[PDB]
$ cat model.pdb   # PDB, N, CA and C atoms
ATOM      1  N   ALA A 924      34.616  16.107 150.799
ATOM      2  CA  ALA A 924      34.011  15.721 149.528
ATOM      3  C   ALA A 924      32.780  16.564 149.220
ATOM      4  N   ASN A 925      31.983  16.879 150.241
ATOM      5  CA  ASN A 925      30.813  17.724 150.034
ATOM      6  C   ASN A 925      31.186  19.196 149.926
ATOM      7  N   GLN A 926      32.309  19.600 150.524
ATOM      8  CA  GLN A 926      32.730  20.994 150.453
ATOM      9  C   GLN A 926      33.390  21.317 149.119
ATOM     10  N   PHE A 927      34.160  20.376 148.569
ATOM     11  CA  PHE A 927      34.850  20.627 147.307
ATOM     12  C   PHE A 927      33.874  20.615 146.134
ATOM     13  N   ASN A 928      32.944  19.658 146.125
ATOM     14  CA  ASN A 928      31.997  19.564 145.018
ATOM     15  C   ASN A 928      30.998  20.712 145.032
ATOM     16  N   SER A 929      30.663  21.230 146.215
ATOM     17  CA  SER A 929      29.724  22.343 146.291
ATOM     18  C   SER A 929      30.370  23.654 145.856
ATOM     19  N   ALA A 930      31.678  23.801 146.071
ATOM     20  CA  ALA A 930      32.358  25.027 145.662
ATOM     21  C   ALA A 930      32.491  25.105 144.147
ATOM     22  N   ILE A 931      32.617  23.955 143.482
ATOM     23  CA  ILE A 931      32.701  23.949 142.024
ATOM     24  C   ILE A 931      31.349  24.295 141.413
ATOM     25  N   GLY A 932      30.260  23.850 142.045
ATOM     26  CA  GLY A 932      28.937  24.160 141.532
ATOM     27  C   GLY A 932      28.598  25.634 141.608
ATOM     28  N   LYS A 933      29.196  26.353 142.560
ATOM     29  CA  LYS A 933      28.960  27.788 142.669
ATOM     30  C   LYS A 933      29.624  28.569 141.542
ATOM     31  N   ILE A 934      30.606  27.975 140.860
ATOM     32  CA  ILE A 934      31.268  28.664 139.759
ATOM     33  C   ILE A 934      30.336  28.769 138.558
ATOM     34  N   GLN A 935      29.553  27.719 138.300
ATOM     35  CA  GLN A 935      28.618  27.750 137.178
ATOM     36  C   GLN A 935      27.539  28.805 137.388
ATOM     37  N   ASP A 936      27.083  28.975 138.631
ATOM     38  CA  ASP A 936      26.062  29.976 138.917
ATOM     39  C   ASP A 936      26.640  31.382 138.980
ATOM     40  N   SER A 937      27.935  31.511 139.277
ATOM     41  CA  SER A 937      28.550  32.831 139.361
ATOM     42  C   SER A 937      28.825  33.413 137.980
ATOM     43  N   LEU A 938      29.256  32.576 137.032
ATOM     44  CA  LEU A 938      29.551  33.071 135.692
ATOM     45  C   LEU A 938      28.282  33.302 134.883
ATOM     46  N   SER A 939      27.229  32.522 135.141
ATOM     47  CA  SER A 939      25.981  32.685 134.405
ATOM     48  C   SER A 939      25.227  33.930 134.857
ATOM     49  N   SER A 940      25.084  34.115 136.170
ATOM     50  CA  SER A 940      24.331  35.252 136.688
ATOM     51  C   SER A 940      25.129  36.546 136.578
ATOM     52  N   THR A 941      26.394  36.521 136.988
ATOM     53  CA  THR A 941      27.251  37.702 136.977
ATOM     54  C   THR A 941      28.208  37.603 135.793
ATOM     55  N   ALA A 942      28.006  38.465 134.798
ATOM     56  CA  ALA A 942      28.872  38.514 133.628
ATOM     57  C   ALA A 942      30.017  39.507 133.772
ATOM     58  N   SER A 943      30.033  40.305 134.841
ATOM     59  CA  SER A 943      31.074  41.306 135.031
ATOM     60  C   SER A 943      32.377  40.720 135.558
ATOM     61  N   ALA A 944      32.380  39.456 135.986
ATOM     62  CA  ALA A 944      33.614  38.845 136.470
ATOM     63  C   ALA A 944      34.615  38.632 135.343
ATOM     64  N   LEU A 945      34.133  38.463 134.115
ATOM     65  CA  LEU A 945      34.990  38.292 132.950
ATOM     66  C   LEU A 945      35.292  39.604 132.239
ATOM     67  N   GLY A 946      34.848  40.736 132.791
ATOM     68  CA  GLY A 946      35.070  42.026 132.157
ATOM     69  C   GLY A 946      36.529  42.395 131.983
ATOM     70  N   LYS A 947      37.434  41.722 132.697
ATOM     71  CA  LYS A 947      38.857  41.982 132.509
ATOM     72  C   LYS A 947      39.302  41.611 131.101
ATOM     73  N   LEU A 948      38.790  40.500 130.570
ATOM     74  CA  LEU A 948      39.088  40.113 129.199
ATOM     75  C   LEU A 948      38.249  40.874 128.183
ATOM     76  N   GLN A 949      37.113  41.435 128.601
ATOM     77  CA  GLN A 949      36.284  42.212 127.689
ATOM     78  C   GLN A 949      36.919  43.554 127.353
ATOM     79  N   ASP A 950      37.651  44.149 128.298
ATOM     80  CA  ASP A 950      38.319  45.417 128.026
ATOM     81  C   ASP A 950      39.432  45.255 127.000
ATOM     82  N   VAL A 951      40.084  44.090 126.968
ATOM     83  CA  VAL A 951      41.125  43.848 125.972
ATOM     84  C   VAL A 951      40.535  43.883 124.570
ATOM     85  N   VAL A 952      39.351  43.297 124.395
ATOM     86  CA  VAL A 952      38.684  43.350 123.100
ATOM     87  C   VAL A 952      38.128  44.745 122.833
ATOM     88  N   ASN A 953      37.625  45.424 123.868
ATOM     89  CA  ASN A 953      37.058  46.755 123.675
ATOM     90  C   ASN A 953      38.135  47.774 123.324
ATOM     91  N   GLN A 954      39.261  47.756 124.041
ATOM     92  CA  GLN A 954      40.340  48.693 123.741
ATOM     93  C   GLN A 954      40.912  48.448 122.350
ATOM     94  N   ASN A 955      40.883  47.196 121.888
ATOM     95  CA  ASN A 955      41.346  46.896 120.539
ATOM     96  C   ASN A 955      40.310  47.265 119.484
ATOM     97  N   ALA A 956      39.023  47.077 119.782
ATOM     98  CA  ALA A 956      37.986  47.411 118.811
ATOM     99  C   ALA A 956      37.802  48.919 118.692
ATOM    100  N   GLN A 957      37.903  49.641 119.811
ATOM    101  CA  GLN A 957      37.751  51.091 119.765
ATOM    102  C   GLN A 957      38.949  51.752 119.096
ATOM    103  N   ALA A 958      40.143  51.184 119.277
ATOM    104  CA  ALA A 958      41.335  51.764 118.665
ATOM    105  C   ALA A 958      41.321  51.590 117.151
ATOM    106  N   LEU A 959      40.834  50.446 116.669
ATOM    107  CA  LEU A 959      40.739  50.235 115.227
ATOM    108  C   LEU A 959      39.658  51.117 114.616
ATOM    109  N   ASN A 960      38.517  51.246 115.296
ATOM    110  CA  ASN A 960      37.456  52.116 114.797
ATOM    111  C   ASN A 960      37.881  53.578 114.841
ATOM    112  N   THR A 961      38.704  53.947 115.826
ATOM    113  CA  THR A 961      39.214  55.312 115.892
ATOM    114  C   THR A 961      40.152  55.606 114.727
ATOM    115  N   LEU A 962      41.027  54.656 114.394
ATOM    116  CA  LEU A 962      41.974  54.855 113.305
ATOM    117  C   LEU A 962      41.279  54.958 111.953
ATOM    118  N   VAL A 963      40.106  54.342 111.803
ATOM    119  CA  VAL A 963      39.387  54.395 110.535
ATOM    120  C   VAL A 963      38.685  55.736 110.359
ATOM    121  N   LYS A 964      38.095  56.270 111.432
ATOM    122  CA  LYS A 964      37.328  57.508 111.347
ATOM    123  C   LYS A 964      38.171  58.712 110.949
ATOM    124  N   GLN A 965      39.500  58.612 111.010
ATOM    125  CA  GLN A 965      40.345  59.730 110.609
ATOM    126  C   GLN A 965      40.382  59.916 109.099
ATOM    127  N   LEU A 966      39.997  58.896 108.328
ATOM    128  CA  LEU A 966      40.000  59.016 106.874
ATOM    129  C   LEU A 966      38.925  59.968 106.369
ATOM    130  N   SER A 967      37.829  60.133 107.112
ATOM    131  CA  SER A 967      36.754  61.019 106.687
ATOM    132  C   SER A 967      37.042  62.484 106.987
ATOM    133  N   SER A 968      37.960  62.769 107.906
ATOM    134  CA  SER A 968      38.265  64.150 108.254
ATOM    135  C   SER A 968      39.125  64.795 107.175
ATOM    136  N   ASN A 969      38.903  66.092 106.951
ATOM    137  CA  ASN A 969      39.640  66.805 105.914
ATOM    138  C   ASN A 969      41.031  67.221 106.375
ATOM    139  N   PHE A 970      41.263  67.273 107.690
ATOM    140  CA  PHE A 970      42.556  67.666 108.254
ATOM    141  C   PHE A 970      42.984  69.047 107.756
ATOM    142  N   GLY A 971      42.016  69.951 107.622
ATOM    143  CA  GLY A 971      42.296  71.294 107.162
ATOM    144  C   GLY A 971      42.371  71.460 105.662
TER     145      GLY A 971
ATOM    146  N   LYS B 537      34.040  40.698  89.825
ATOM    147  CA  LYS B 537      35.328  41.243  89.427
ATOM    148  C   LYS B 537      35.611  42.489  90.250
ATOM    149  N   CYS B 538      36.895  42.755  90.478
ATOM    150  CA  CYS B 538      37.331  43.919  91.243
ATOM    151  C   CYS B 538      37.639  45.034  90.251
ATOM    152  N   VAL B 539      36.802  46.072  90.246
ATOM    153  CA  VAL B 539      36.877  47.136  89.251
ATOM    154  C   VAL B 539      36.557  48.463  89.923
ATOM    155  N   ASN B 540      36.889  49.551  89.234
ATOM    156  CA  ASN B 540      36.537  50.886  89.698
ATOM    157  C   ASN B 540      35.062  51.150  89.418
ATOM    158  N   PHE B 541      34.307  51.475  90.464
ATOM    159  CA  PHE B 541      32.872  51.714  90.351
ATOM    160  C   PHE B 541      32.569  53.142  90.787
ATOM    161  N   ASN B 542      31.901  53.895  89.917
ATOM    162  CA  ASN B 542      31.374  55.216  90.252
ATOM    163  C   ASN B 542      29.947  55.322  89.742
ATOM    164  N   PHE B 543      28.981  55.388  90.657
ATOM    165  CA  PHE B 543      27.642  55.858  90.313
ATOM    166  C   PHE B 543      27.434  57.142  91.107
ATOM    167  N   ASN B 544      27.711  58.276  90.468
ATOM    168  CA  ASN B 544      27.316  59.614  90.897
ATOM    169  C   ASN B 544      27.837  60.032  92.274
ATOM    170  N   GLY B 545      28.173  59.078  93.146
ATOM    171  CA  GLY B 545      28.555  59.457  94.496
ATOM    172  C   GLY B 545      29.978  59.258  94.980
ATOM    173  N   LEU B 546      30.735  58.353  94.365
ATOM    174  CA  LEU B 546      32.055  58.026  94.890
ATOM    175  C   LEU B 546      32.860  57.308  93.819
ATOM    176  N   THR B 547      34.182  57.343  93.973
ATOM    177  CA  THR B 547      35.095  56.608  93.107
ATOM    178  C   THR B 547      35.994  55.746  93.981
ATOM    179  N   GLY B 548      35.888  54.433  93.824
ATOM    180  CA  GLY B 548      36.669  53.524  94.630
ATOM    181  C   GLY B 548      36.765  52.157  93.992
ATOM    182  N   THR B 549      37.425  51.249  94.706
ATOM    183  CA  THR B 549      37.627  49.881  94.255
ATOM    184  C   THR B 549      36.775  48.931  95.088
ATOM    185  N   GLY B 550      36.243  47.904  94.439
ATOM    186  CA  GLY B 550      35.414  46.934  95.132
ATOM    187  C   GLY B 550      34.854  45.923  94.157
ATOM    188  N   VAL B 551      34.141  44.949  94.717
ATOM    189  CA  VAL B 551      33.505  43.880  93.955
ATOM    190  C   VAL B 551      32.007  43.950  94.212
ATOM    191  N   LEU B 552      31.220  43.926  93.139
ATOM    192  CA  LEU B 552      29.768  43.953  93.259
ATOM    193  C   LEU B 552      29.224  42.531  93.323
ATOM    194  N   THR B 553      28.422  42.253  94.349
ATOM    195  CA  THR B 553      27.867  40.924  94.561
ATOM    196  C   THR B 553      26.421  41.041  95.015
ATOM    197  N   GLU B 554      25.545  40.264  94.383
ATOM    198  CA  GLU B 554      24.135  40.272  94.746
ATOM    199  C   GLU B 554      23.919  39.554  96.072
ATOM    200  N   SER B 555      23.077  40.139  96.921
ATOM    201  CA  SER B 555      22.775  39.590  98.236
ATOM    202  C   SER B 555      21.278  39.700  98.500
ATOM    203  N   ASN B 556      20.871  39.252  99.684
ATOM    204  CA  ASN B 556      19.473  39.263 100.093
ATOM    205  C   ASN B 556      19.092  40.508 100.885
ATOM    206  N   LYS B 557      20.010  41.458 101.049
ATOM    207  CA  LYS B 557      19.708  42.672 101.793
ATOM    208  C   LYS B 557      18.583  43.453 101.120
ATOM    209  N   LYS B 558      17.782  44.128 101.940
ATOM    210  CA  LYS B 558      16.645  44.905 101.468
ATOM    211  C   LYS B 558      16.788  46.345 101.937
ATOM    212  N   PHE B 559      16.656  47.283 101.004
ATOM    213  CA  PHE B 559      16.744  48.706 101.290
ATOM    214  C   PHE B 559      15.398  49.361 101.011
ATOM    215  N   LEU B 560      15.150  50.484 101.678
ATOM    216  CA  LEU B 560      13.928  51.231 101.433
ATOM    217  C   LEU B 560      13.925  51.779 100.006
ATOM    218  N   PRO B 561      12.746  51.897  99.388
ATOM    219  CA  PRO B 561      12.695  52.411  98.009
ATOM    220  C   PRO B 561      13.260  53.812  97.860
ATOM    221  N   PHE B 562      13.270  54.602  98.930
ATOM    222  CA  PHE B 562      13.780  55.964  98.891
ATOM    223  C   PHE B 562      15.247  56.061  99.295
ATOM    224  N   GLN B 563      15.898  54.935  99.574
ATOM    225  CA  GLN B 563      17.301  54.913  99.957
ATOM    226  C   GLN B 563      18.168  54.555  98.756
ATOM    227  N   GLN B 564      19.342  55.181  98.680
ATOM    228  CA  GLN B 564      20.274  54.970  97.576
ATOM    229  C   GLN B 564      21.565  54.311  98.042
ATOM    230  N   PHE B 565      22.323  54.962  98.917
ATOM    231  CA  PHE B 565      23.623  54.490  99.369
ATOM    232  C   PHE B 565      23.554  54.122 100.845
ATOM    233  N   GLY B 566      24.488  53.277 101.270
ATOM    234  CA  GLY B 566      24.557  52.883 102.664
ATOM    235  C   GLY B 566      25.984  52.601 103.077
ATOM    236  N   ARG B 567      26.217  52.682 104.385
ATOM    237  CA  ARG B 567      27.553  52.546 104.946
ATOM    238  C   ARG B 567      27.483  51.759 106.247
ATOM    239  N   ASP B 568      28.629  51.214 106.642
ATOM    240  CA  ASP B 568      28.753  50.470 107.885
ATOM    241  C   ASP B 568      29.213  51.403 109.005
ATOM    242  N   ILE B 569      29.557  50.828 110.160
ATOM    243  CA  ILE B 569      30.054  51.613 111.286
ATOM    244  C   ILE B 569      31.408  52.248 111.001
ATOM    245  N   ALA B 570      32.137  51.744 110.008
ATOM    246  CA  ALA B 570      33.456  52.253 109.665
ATOM    247  C   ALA B 570      33.409  53.409 108.676
ATOM    248  N   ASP B 571      32.214  53.887 108.323
ATOM    249  CA  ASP B 571      32.040  55.003 107.391
ATOM    250  C   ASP B 571      32.619  54.658 106.019
ATOM    251  N   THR B 572      32.280  53.470 105.524
ATOM    252  CA  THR B 572      32.647  53.040 104.184
ATOM    253  C   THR B 572      31.409  52.474 103.506
ATOM    254  N   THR B 573      31.235  52.795 102.226
ATOM    255  CA  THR B 573      30.033  52.387 101.511
ATOM    256  C   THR B 573      30.161  50.928 101.092
ATOM    257  N   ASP B 574      29.285  50.080 101.629
ATOM    258  CA  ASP B 574      29.273  48.660 101.307
ATOM    259  C   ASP B 574      28.217  48.276 100.278
ATOM    260  N   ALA B 575      27.367  49.210  99.853
ATOM    261  CA  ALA B 575      26.310  48.880  98.909
ATOM    262  C   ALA B 575      25.930  50.110  98.100
ATOM    263  N   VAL B 576      25.559  49.877  96.843
ATOM    264  CA  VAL B 576      25.077  50.918  95.942
ATOM    265  C   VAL B 576      23.926  50.355  95.122
ATOM    266  N   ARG B 577      22.827  51.102  95.063
ATOM    267  CA  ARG B 577      21.693  50.725  94.232
ATOM    268  C   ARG B 577      21.942  51.123  92.782
ATOM    269  N   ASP B 578      21.493  50.272  91.867
ATOM    270  CA  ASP B 578      21.630  50.558  90.442
ATOM    271  C   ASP B 578      20.792  51.779  90.083
ATOM    272  N   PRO B 579      21.347  52.765  89.372
ATOM    273  CA  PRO B 579      20.552  53.968  89.064
ATOM    274  C   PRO B 579      19.321  53.692  88.213
ATOM    275  N   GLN B 580      19.466  52.925  87.131
ATOM    276  CA  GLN B 580      18.354  52.736  86.205
ATOM    277  C   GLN B 580      17.351  51.707  86.719
ATOM    278  N   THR B 581      17.834  50.552  87.166
ATOM    279  CA  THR B 581      16.973  49.461  87.593
ATOM    280  C   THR B 581      16.951  49.373  89.117
ATOM    281  N   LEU B 582      16.230  48.377  89.627
ATOM    282  CA  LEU B 582      16.146  48.123  91.060
ATOM    283  C   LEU B 582      17.040  46.933  91.388
ATOM    284  N   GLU B 583      18.151  47.200  92.067
ATOM    285  CA  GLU B 583      19.084  46.148  92.445
ATOM    286  C   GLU B 583      19.837  46.597  93.690
ATOM    287  N   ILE B 584      20.259  45.617  94.484
ATOM    288  CA  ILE B 584      21.036  45.855  95.695
ATOM    289  C   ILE B 584      22.279  44.982  95.627
TER     290      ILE B 584
END
$ encode --input "model.pdb" --output "structure tokens"
Amino acid sequence: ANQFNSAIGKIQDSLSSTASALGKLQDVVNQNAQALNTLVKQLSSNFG
Amino acid sequence: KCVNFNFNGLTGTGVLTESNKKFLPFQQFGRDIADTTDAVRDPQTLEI
């Protein structure tokens, strides 16, 4: 009972202090945001 | 209303809406990260 409840409390301190554990889901948003911004910037180019 | 707007710099489609944004007195046009003009100052009067 003391081991299970203490392990759950460490999750709150791990996500608050360390934000890089969720970076797996951040790359999904980054790869999607960079790809859309990349597709827009082609409109300004003269393409020769 | 959605109409064609050209003040000296561009020809495009959009809707003009008054907002609380503030621009420098020496600034005329502005754009977002997508390289599209989201605001135009009135040539004769002072408006954003």
$ residues_around --input "model.pdb" --residues "stretch 560-573 of chain B" --least-positions-apart "3" --cutoff "7 Å" --atoms "only N, CA and C atoms" --output "number ranges by chain"
A: 960, 963-964; B: 576-577
$ interface_residues --input "model.pdb" --of "chain A" --to "chain B" --cutoff "12 Å" --atoms "only C-alpha atoms" --output "ChimeraX atom specification"
/A:956-968
$ select_by_dssp --input "model.pdb" --residues "chain B" --states "strand (DSSP E)" --output "ChimeraX atom specification"
/B:538-541,548-551,565-567,573-576
$ atom_distance --input "model.pdb" --atom1 "atom N of residue A:951" --atom2 "atom CA of residue A:936"
23.2 Å
$ atom_distance --input "model.pdb" --atom1 "atom CA of residue A:925" --atom2 "atom N of residue A:940"
22.2 Å
$ atom_distance --input "model.pdb" --atom1 "atom N of residue B:579" --atom2 "atom CA of residue B:545"
11.1 Å
$ axis_aligned_box --input "model.pdb" --around "stretch 952-965 of chain A" --padding-each-side "4 Å" --output "JSON"
{"center_x": 39.5, "center_y": 51.6, "center_z": 116.7, "size_x": 12.9, "size_y": 24.6, "size_z": 23.3}
$ resolve_selection --input "model.pdb" --expression "the PyMOL selection byres ((chain B and resi 537) around 5)" --output "count of residues only"
3
$ build_atoms --input "model.pdb" --residues "stretch 552-569 of chain B" --atoms "N, CA, C and O atoms" --output "PDB file, keeping the file's coordinate frame"
ATOM      1  N   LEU B 552      31.220  43.926  93.139  1.00  0.00           N
ATOM      2  CA  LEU B 552      29.768  43.953  93.259  1.00  0.00           C
ATOM      3  C   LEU B 552      29.224  42.531  93.323  1.00  0.00           C
ATOM      4  O   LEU B 552      29.526  41.702  92.460  1.00  0.00           O
ATOM      5  N   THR B 553      28.422  42.253  94.349  1.00  0.00           N
ATOM      6  CA  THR B 553      27.867  40.924  94.561  1.00  0.00           C
ATOM      7  C   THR B 553      26.421  41.041  95.015  1.00  0.00           C
ATOM      8  O   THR B 553      26.108  41.821  95.920  1.00  0.00           O
ATOM      9  N   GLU B 554      25.545  40.264  94.383  1.00  0.00           N
ATOM     10  CA  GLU B 554      24.135  40.272  94.746  1.00  0.00           C
ATOM     11  C   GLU B 554      23.919  39.554  96.072  1.00  0.00           C
ATOM     12  O   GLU B 554      24.499  38.495  96.326  1.00  0.00           O
ATOM     13  N   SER B 555      23.077  40.139  96.921  1.00  0.00           N
ATOM     14  CA  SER B 555      22.775  39.590  98.236  1.00  0.00           C
ATOM     15  C   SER B 555      21.278  39.700  98.500  1.00  0.00           C
ATOM     16  O   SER B 555      20.507  40.176  97.661  1.00  0.00           O
ATOM     17  N   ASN B 556      20.871  39.252  99.684  1.00  0.00           N
ATOM     18  CA  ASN B 556      19.473  39.263 100.093  1.00  0.00           C
ATOM     19  C   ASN B 556      19.092  40.508 100.885  1.00  0.00           C
ATOM     20  O   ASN B 556      17.954  40.595 101.359  1.00  0.00           O
ATOM     21  N   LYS B 557      20.010  41.458 101.049  1.00  0.00           N
ATOM     22  CA  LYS B 557      19.708  42.672 101.793  1.00  0.00           C
ATOM     23  C   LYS B 557      18.583  43.453 101.120  1.00  0.00           C
ATOM     24  O   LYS B 557      18.437  43.445  99.895  1.00  0.00           O
ATOM     25  N   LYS B 558      17.782  44.128 101.940  1.00  0.00           N
ATOM     26  CA  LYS B 558      16.645  44.905 101.468  1.00  0.00           C
ATOM     27  C   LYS B 558      16.788  46.345 101.937  1.00  0.00           C
ATOM     28  O   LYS B 558      17.016  46.596 103.125  1.00  0.00           O
ATOM     29  N   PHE B 559      16.656  47.283 101.004  1.00  0.00           N
ATOM     30  CA  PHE B 559      16.744  48.706 101.290  1.00  0.00           C
ATOM     31  C   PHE B 559      15.398  49.361 101.011  1.00  0.00           C
ATOM     32  O   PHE B 559      14.600  48.859 100.213  1.00  0.00           O
ATOM     33  N   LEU B 560      15.150  50.484 101.678  1.00  0.00           N
ATOM     34  CA  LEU B 560      13.928  51.231 101.433  1.00  0.00           C
ATOM     35  C   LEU B 560      13.925  51.779 100.006  1.00  0.00           C
ATOM     36  O   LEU B 560      14.982  52.083  99.447  1.00  0.00           O
ATOM     37  N   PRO B 561      12.746  51.897  99.388  1.00  0.00           N
ATOM     38  CA  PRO B 561      12.695  52.411  98.009  1.00  0.00           C
ATOM     39  C   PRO B 561      13.260  53.812  97.860  1.00  0.00           C
ATOM     40  O   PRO B 561      13.694  54.182  96.762  1.00  0.00           O
ATOM     41  N   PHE B 562      13.270  54.602  98.930  1.00  0.00           N
ATOM     42  CA  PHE B 562      13.780  55.964  98.891  1.00  0.00           C
ATOM     43  C   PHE B 562      15.247  56.061  99.295  1.00  0.00           C
ATOM     44  O   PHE B 562      15.787  57.170  99.349  1.00  0.00           O
ATOM     45  N   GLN B 563      15.898  54.935  99.574  1.00  0.00           N
ATOM     46  CA  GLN B 563      17.301  54.913  99.957  1.00  0.00           C
ATOM     47  C   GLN B 563      18.168  54.555  98.756  1.00  0.00           C
ATOM     48  O   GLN B 563      17.783  53.734  97.919  1.00  0.00           O
ATOM     49  N   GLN B 564      19.342  55.181  98.680  1.00  0.00           N
ATOM     50  CA  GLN B 564      20.274  54.970  97.576  1.00  0.00           C
ATOM     51  C   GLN B 564      21.565  54.311  98.042  1.00  0.00           C
ATOM     52  O   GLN B 564      21.877  53.199  97.603  1.00  0.00           O
ATOM     53  N   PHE B 565      22.323  54.962  98.917  1.00  0.00           N
ATOM     54  CA  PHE B 565      23.623  54.490  99.369  1.00  0.00           C
ATOM     55  C   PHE B 565      23.554  54.122 100.845  1.00  0.00           C
ATOM     56  O   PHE B 565      22.673  54.573 101.580  1.00  0.00           O
ATOM     57  N   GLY B 566      24.488  53.277 101.270  1.00  0.00           N
ATOM     58  CA  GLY B 566      24.557  52.883 102.664  1.00  0.00           C
ATOM     59  C   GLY B 566      25.984  52.601 103.077  1.00  0.00           C
ATOM     60  O   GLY B 566      26.852  52.317 102.245  1.00  0.00           O
ATOM     61  N   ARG B 567      26.217  52.682 104.385  1.00  0.00           N
ATOM     62  CA  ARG B 567      27.553  52.546 104.946  1.00  0.00           C
ATOM     63  C   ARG B 567      27.483  51.759 106.247  1.00  0.00           C
ATOM     64  O   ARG B 567      26.429  51.647 106.878  1.00  0.00           O
ATOM     65  N   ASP B 568      28.629  51.214 106.642  1.00  0.00           N
ATOM     66  CA  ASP B 568      28.753  50.470 107.885  1.00  0.00           C
ATOM     67  C   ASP B 568      29.213  51.403 109.005  1.00  0.00           C
ATOM     68  O   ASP B 568      29.259  52.626 108.848  1.00  0.00           O
ATOM     69  N   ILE B 569      29.557  50.828 110.160  1.00  0.00           N
ATOM     70  CA  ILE B 569      30.054  51.613 111.286  1.00  0.00           C
ATOM     71  C   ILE B 569      31.408  52.248 111.001  1.00  0.00           C
ATOM     72  O   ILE B 569      31.781  53.222 111.663  1.00  0.00           O
TER      73      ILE B 569
END
